[PDB]
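Raw model_19.txt, compact mmCIF, C-alpha atoms and all ligand atoms:
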# COMPACT_ATOMS: atom_id res chain seq x y z
CA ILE U 1 55.54 -14.53 -31.14
CA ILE U 2 58.47 -16.64 -32.29
CA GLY U 3 60.32 -15.79 -35.49
CA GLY U 4 58.44 -12.58 -36.14
CA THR U 5 59.06 -8.88 -36.66
CA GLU U 6 58.01 -5.88 -34.57
CA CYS U 7 54.76 -4.37 -35.87
CA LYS U 8 54.59 -0.81 -37.12
CA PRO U 9 53.21 0.88 -33.99
CA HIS U 10 49.39 1.01 -34.07
CA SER U 11 49.24 -0.76 -37.43
CA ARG U 12 46.83 -3.15 -35.73
CA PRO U 13 44.40 -0.88 -33.83
CA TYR U 14 42.10 -3.75 -32.77
CA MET U 15 44.82 -5.57 -30.80
CA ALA U 16 44.02 -5.93 -27.10
CA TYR U 17 46.53 -6.62 -24.34
CA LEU U 18 44.96 -8.54 -21.46
CA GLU U 19 46.08 -8.56 -17.85
CA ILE U 20 44.33 -11.38 -16.01
CA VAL U 21 43.85 -11.70 -12.23
CA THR U 22 43.47 -14.97 -10.36
CA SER U 23 43.17 -15.41 -6.59
CA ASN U 24 46.10 -17.81 -5.97
CA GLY U 25 48.88 -16.41 -8.14
CA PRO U 26 50.29 -13.32 -9.84
CA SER U 27 48.86 -11.76 -13.02
CA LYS U 28 48.83 -13.55 -16.38
CA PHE U 29 48.72 -12.04 -19.86
CA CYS U 30 46.97 -12.78 -23.15
CA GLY U 31 46.12 -11.08 -26.42
CA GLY U 32 42.71 -10.47 -27.95
CA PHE U 33 40.92 -8.24 -30.38
CA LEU U 34 38.26 -5.55 -30.32
CA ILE U 35 35.25 -6.60 -32.43
CA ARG U 36 32.79 -4.11 -30.95
CA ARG U 37 33.56 -0.85 -29.16
CA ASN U 38 32.70 -2.69 -25.93
CA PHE U 39 33.42 -6.33 -26.89
CA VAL U 40 36.81 -8.08 -26.97
CA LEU U 41 37.33 -11.60 -28.31
CA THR U 42 39.99 -13.85 -26.81
CA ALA U 43 40.65 -17.41 -25.61
CA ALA U 44 38.62 -19.24 -22.96
CA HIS U 45 41.77 -20.23 -21.08
CA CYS U 46 42.59 -16.56 -20.50
CA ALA U 47 39.59 -16.33 -18.13
CA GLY U 48 40.21 -15.22 -14.52
CA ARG U 49 38.80 -13.63 -11.36
CA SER U 50 39.06 -10.26 -13.12
CA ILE U 51 40.60 -8.81 -16.30
CA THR U 52 41.88 -5.41 -17.47
CA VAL U 53 42.18 -4.49 -21.16
CA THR U 54 44.66 -2.04 -22.66
CA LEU U 55 43.81 -0.83 -26.18
CA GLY U 56 46.11 1.33 -28.33
CA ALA U 57 49.36 -0.17 -27.09
CA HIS U 58 52.61 -0.96 -28.86
CA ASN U 59 55.40 -0.91 -26.28
CA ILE U 60 53.44 -2.15 -23.28
CA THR U 61 55.94 -0.84 -20.73
CA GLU U 62 55.71 2.79 -21.89
CA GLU U 63 52.47 4.69 -21.27
CA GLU U 64 51.18 6.93 -24.06
CA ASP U 65 48.11 8.92 -25.10
CA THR U 66 47.02 6.12 -27.48
CA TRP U 67 46.45 3.91 -24.40
CA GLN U 68 42.97 3.02 -23.30
CA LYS U 69 43.01 0.85 -20.17
CA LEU U 70 39.53 -0.54 -19.88
CA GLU U 71 37.68 -2.42 -17.20
CA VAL U 72 35.95 -5.68 -18.07
CA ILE U 73 32.45 -5.87 -16.55
CA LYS U 74 31.61 -9.51 -17.48
CA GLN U 75 33.42 -12.53 -18.93
CA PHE U 76 31.51 -14.80 -21.33
CA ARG U 77 33.55 -17.96 -21.61
CA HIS U 78 32.15 -20.59 -23.95
CA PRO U 79 29.99 -22.90 -21.76
CA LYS U 80 31.46 -26.03 -23.32
CA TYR U 81 35.12 -25.08 -22.90
CA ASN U 82 36.91 -28.26 -21.88
CA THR U 83 40.11 -28.19 -19.82
CA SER U 84 40.84 -31.74 -20.96
CA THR U 85 40.32 -31.62 -24.75
CA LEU U 86 40.85 -27.83 -25.01
CA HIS U 87 37.78 -27.72 -27.25
CA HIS U 88 35.94 -24.41 -27.72
CA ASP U 89 38.81 -22.27 -26.50
CA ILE U 90 36.92 -18.98 -26.91
CA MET U 91 35.69 -16.08 -24.75
CA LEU U 92 33.96 -12.71 -25.06
CA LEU U 93 34.79 -9.84 -22.73
CA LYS U 94 32.32 -7.05 -22.20
CA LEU U 95 34.00 -3.72 -21.57
CA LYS U 96 32.49 -1.48 -18.89
CA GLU U 97 32.15 1.40 -21.34
CA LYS U 98 32.58 1.52 -25.10
CA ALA U 99 36.13 2.22 -26.23
CA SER U 100 36.96 5.46 -28.00
CA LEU U 101 37.70 5.27 -31.72
CA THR U 102 41.10 6.78 -32.52
CA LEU U 103 43.77 6.16 -35.13
CA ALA U 104 45.39 3.73 -32.65
CA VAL U 105 42.21 1.92 -31.55
CA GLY U 106 39.37 0.53 -33.67
CA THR U 107 37.22 -2.54 -34.18
CA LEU U 108 37.91 -5.45 -36.50
CA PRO U 109 34.58 -5.92 -38.37
CA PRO U 119 45.24 -24.93 -46.69
CA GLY U 120 48.56 -23.61 -47.98
CA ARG U 121 47.48 -19.98 -47.74
CA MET U 122 49.40 -17.58 -45.50
CA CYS U 123 47.88 -15.90 -42.47
CA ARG U 124 49.26 -13.47 -39.93
CA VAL U 125 49.09 -13.43 -36.11
CA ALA U 126 50.30 -10.81 -33.61
CA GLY U 127 50.95 -10.74 -29.87
CA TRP U 128 53.03 -9.58 -26.90
CA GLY U 129 53.86 -13.18 -26.05
CA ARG U 130 57.27 -14.76 -25.50
CA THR U 131 59.74 -14.61 -28.36
CA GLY U 132 61.24 -18.05 -27.68
CA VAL U 133 60.74 -21.12 -25.48
CA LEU U 134 62.84 -19.59 -22.70
CA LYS U 135 62.40 -15.89 -23.59
CA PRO U 136 60.24 -13.42 -21.61
CA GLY U 137 57.11 -11.85 -23.07
CA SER U 138 57.75 -9.11 -25.60
CA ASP U 139 57.55 -5.41 -24.75
CA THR U 140 56.27 -4.59 -28.23
CA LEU U 141 53.58 -5.95 -30.55
CA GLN U 142 55.20 -8.65 -32.68
CA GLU U 143 53.69 -10.35 -35.72
CA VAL U 144 54.50 -13.34 -37.88
CA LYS U 145 53.16 -14.93 -41.08
CA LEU U 146 52.17 -18.59 -40.79
CA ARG U 147 51.03 -21.24 -43.27
CA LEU U 148 47.55 -22.77 -42.96
CA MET U 149 48.11 -26.56 -42.85
CA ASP U 150 46.07 -29.61 -43.77
CA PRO U 151 44.41 -31.09 -40.66
CA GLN U 152 46.63 -34.21 -40.76
CA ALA U 153 49.57 -31.95 -39.87
CA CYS U 154 47.96 -31.55 -36.41
CA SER U 155 47.03 -35.20 -35.93
CA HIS U 156 49.55 -35.57 -33.10
CA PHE U 157 47.42 -33.21 -31.02
CA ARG U 158 45.14 -36.08 -30.06
CA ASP U 159 42.07 -33.89 -29.43
CA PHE U 160 42.58 -31.59 -32.40
CA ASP U 161 39.42 -31.35 -34.49
CA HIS U 162 39.34 -30.04 -38.07
CA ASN U 163 35.76 -28.78 -37.75
CA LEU U 164 36.53 -26.84 -34.57
CA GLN U 165 40.12 -25.81 -35.20
CA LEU U 166 42.73 -24.54 -37.65
CA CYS U 167 46.11 -26.20 -38.05
CA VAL U 168 48.65 -23.40 -38.41
CA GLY U 169 52.40 -23.33 -39.07
CA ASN U 170 54.88 -25.08 -41.37
CA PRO U 171 56.94 -27.56 -39.34
CA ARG U 172 60.01 -26.75 -41.50
CA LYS U 173 59.90 -23.19 -40.13
CA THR U 174 60.42 -21.97 -36.55
CA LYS U 175 57.67 -19.32 -36.74
CA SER U 176 54.88 -19.57 -34.17
CA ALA U 177 52.65 -17.97 -31.59
CA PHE U 178 53.50 -19.04 -28.04
CA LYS U 179 52.78 -18.29 -24.37
CA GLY U 180 51.29 -14.84 -23.98
CA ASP U 181 49.91 -14.91 -27.54
CA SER U 182 46.70 -16.79 -26.64
CA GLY U 183 43.43 -15.10 -27.59
CA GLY U 184 45.09 -13.22 -30.43
CA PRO U 185 43.48 -13.21 -33.87
CA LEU U 186 44.79 -15.16 -36.84
CA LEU U 187 44.14 -13.03 -39.91
CA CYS U 188 43.95 -14.28 -43.47
CA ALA U 189 43.50 -11.62 -46.17
CA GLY U 190 42.72 -9.07 -43.43
CA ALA U 191 39.88 -11.09 -41.90
CA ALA U 192 40.01 -12.91 -38.58
CA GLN U 193 39.94 -16.68 -39.17
CA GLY U 194 41.45 -18.06 -36.00
CA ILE U 195 42.32 -17.44 -32.38
CA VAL U 196 45.59 -18.51 -30.79
CA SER U 197 44.82 -21.47 -28.53
CA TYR U 198 47.62 -24.02 -27.93
CA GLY U 199 50.61 -25.94 -29.20
CA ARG U 200 53.65 -27.87 -28.08
CA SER U 201 55.69 -26.64 -25.11
CA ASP U 202 58.80 -26.70 -27.33
CA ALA U 203 57.00 -24.45 -29.84
CA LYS U 204 57.60 -26.77 -32.82
CA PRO U 205 54.80 -25.82 -35.26
CA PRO U 206 52.08 -26.41 -36.19
CA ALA U 207 49.92 -25.09 -33.38
CA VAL U 208 46.13 -25.20 -32.87
CA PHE U 209 43.87 -22.18 -33.38
CA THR U 210 40.16 -21.94 -32.61
CA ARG U 211 38.15 -21.81 -35.85
CA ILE U 212 36.15 -18.59 -35.49
CA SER U 213 33.49 -19.43 -38.11
CA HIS U 214 32.26 -22.44 -36.16
CA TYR U 215 31.53 -20.23 -33.16
CA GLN U 216 29.91 -17.38 -35.09
CA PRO U 217 26.33 -18.29 -34.02
CA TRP U 218 27.41 -18.30 -30.36
CA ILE U 219 29.28 -15.03 -30.81
CA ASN U 220 26.29 -13.24 -32.33
CA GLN U 221 24.11 -14.78 -29.64
CA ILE U 222 26.21 -13.23 -26.84
CA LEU U 223 26.34 -9.80 -28.54
CA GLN U 224 22.57 -9.43 -28.98
CA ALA U 225 21.79 -10.67 -25.46
CA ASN U 226 24.22 -8.16 -23.92
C1 LIG J 301 60.15 -0.11 -24.69
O1 LIG J 301 60.17 0.86 -23.64
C2 LIG J 301 61.16 0.75 -22.63
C3 LIG J 301 61.19 2.05 -21.83
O2 LIG J 301 59.87 2.49 -21.63
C4 LIG J 301 62.56 0.46 -23.17
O3 LIG J 301 63.44 0.21 -22.10
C5 LIG J 301 62.52 -0.69 -24.17
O4 LIG J 301 63.80 -0.94 -24.70
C6 LIG J 301 61.54 -0.33 -25.28
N1 LIG J 301 61.49 -1.33 -26.32
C7 LIG J 301 61.36 -0.99 -27.60
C8 LIG J 301 61.92 -1.93 -28.62
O5 LIG J 301 60.80 0.05 -27.96
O1 LIG J 302 50.48 -21.11 -30.81
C1 LIG J 302 50.72 -21.41 -29.67
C2 LIG J 302 50.16 -20.73 -28.44
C3 LIG J 302 50.78 -21.47 -27.29
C4 LIG J 302 50.66 -21.32 -25.93
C5 LIG J 302 51.36 -22.16 -25.09
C6 LIG J 302 52.17 -23.14 -25.63
CL1 LIG J 302 53.05 -24.19 -24.55
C7 LIG J 302 52.30 -23.30 -27.00
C8 LIG J 302 51.60 -22.45 -27.84
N1 LIG J 302 51.54 -22.39 -29.24
ZN ZN J 303 52.34 5.47 -30.09

Please, can you express the file's structure as structure tokens?
Ligand SMILES: *[C@@H]1O[C@H](CO)[C@@H](O)[C@H](O)[C@H]1NC(C)=O
Ligand SMILES: O=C1Cc2ccc(Cl)cc2N1
Ligand SMILES: [Zn+2]
Amino acid sequence: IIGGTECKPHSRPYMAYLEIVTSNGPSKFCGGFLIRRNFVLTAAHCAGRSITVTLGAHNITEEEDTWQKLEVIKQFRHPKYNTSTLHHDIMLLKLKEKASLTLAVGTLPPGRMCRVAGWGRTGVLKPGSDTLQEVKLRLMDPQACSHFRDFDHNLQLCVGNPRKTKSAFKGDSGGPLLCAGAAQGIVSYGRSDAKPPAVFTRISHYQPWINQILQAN
């Protein structure tokens, strides 16, 4: 998160910290959010050979009793996810067992301001953050994201005032974008120089597919 503040620890009990395993390189990291005791929503491009989920975390380098490190049994990436257009950047993770409900861990059931949180990098050349950072971003008209050639208003949200530095960035993918407390978007992609706006998956469009996956599993 660029241009944000450190969250009050555990003020966002649904936040999930993802460690992703591939076969040809070291681990990668994304965010995500617990929508069912055993289901975590994140970005399609965070998929890997295997994934571990830590719930209840603030400072991700210091273990604490709030922590729930959970195994992912199955990854449900959207079937139509496109590595060329980046369309349908969305994935459901099924946890091996249902998470415990605690104070620190629980499910989450243009021109306006939304908020987005993550453990991602705090600047173009900065490392990922140790602690959960958040930032408030402006929801933009779709023409503000026209320069992303495959951006699609129906599928995506355009997020972030270009006059401001604030933004999600690497490591923040899969995190929820909340407007008035409700999840509206998912961190997906943007420019490598982090100049806003950036592109978020529009959750509402994928709601049928989401419900589909839940009931079948
Ligand atoms: C997080 O924890 C580590 C030690 O576990 C510490 O070195 C680091 O400065 C901490 N960061 C914050 C801001 O709490
Ligand atoms: O909002 C975001 C998320 C993200 C990931 C990676 C890059 Cl290069 C840019 C952005 N912008
Ligand atoms: Zn704590």

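With all atoms listed in the file as the basis for measurement, U:206 is the residue among U:20, U:88, U:206, U:154 that approaches residue U:172 most closely.
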
Hey, what's within 10 Å of residue U:223 if we count only C-alpha atoms and toss same-chain stuff fewer than 5 positions away? As a list in words, please? residues 36, 38, 39, 92, 94 and 218 of chain U

Could you name the residues that touch residue U:159 at 9 Å or less, counting only C-alpha atoms, but leaving out those on the same chain fewer than 2 positions away, as a PyMOL selection string? chain U and resi 84-87+155-157+161

List all protein, DNA and RNA residues that have at least one atom no more than 7 Å from any atom of ligand LIG 301 (chain J), counting all atoms listed in the file, and write them as a ChimeraX atom specification. /U:59,61-62,139-140

Find the residues near residue U:106: any atom within 7 Å, counting all atoms listed in the file, skip ones fewer than 4 places away on the same chain, and give them as an mmCIF file with C-alpha atoms, in the frame of the given file.
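Output saved as selection-v3.cif:
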data_model
loop_
_atom_site.group_PDB
_atom_site.id
_atom_site.type_symbol
_atom_site.label_atom_id
_atom_site.label_comp_id
_atom_site.auth_asym_id
_atom_site.auth_seq_id
_atom_site.Cartn_x
_atom_site.Cartn_y
_atom_site.Cartn_z
ATOM 1 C CA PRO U 13 44.400 -0.880 -33.830
ATOM 2 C CA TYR U 14 42.100 -3.750 -32.770
ATOM 3 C CA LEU U 101 37.700 5.270 -31.720
ATOM 4 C CA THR U 102 41.100 6.780 -32.520
#

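Closest to ligand LIG 302 (chain J) among U:26, U:169, U:3, U:151 is U:169, based on all atoms listed in the file.
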